[PDB]
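In the deposited numbering, the protein residues as written are 1 to 43.
Positions of the beta carbon are idealized from the N, C-alpha and C atoms, including for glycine.
Reading through the structure tokens given below for one structure.
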């Protein structure tokens, strides 16, 4: 699952993933975090 700390981070993460770019490269650039099993926090 991908968890993003803001709407802007989500739209950034989506744009970064477009070419099929590794999920952890885009997660690190945007502040999103990839976690095993869908469950996001108070962010």
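(request) May I have the straight-line CA-CA distance separating residue 42 from residue 27, to the nearest angstrom? (result) 18 Å
(request) Note down, in chain order, each residue of its chain lying with its Cβ closer than 8 Å to the Cβ of residue 39, except the 5 sequence neighbours on either side. (result) The beta carbon of residue 39 lies closer than 8 Å to those of 1 in the same chain, with the five residues before and after it left out.
(message) Based on DSSP bridge pairs, tell me the residues matched to residue 3.
(response) 33
(request) Note down, in chain order, each residue of its chain lying with its Cβ closer than 7 Å to the Cβ of residue 9, except the 5 sequence neighbours on either side. (result) 30, 31 and 32
(request) Would you kindly work out how many angstroms separate the C-alpha atoms of residue 14 and residue 24, rounded to a whole number? (result) 12 Å
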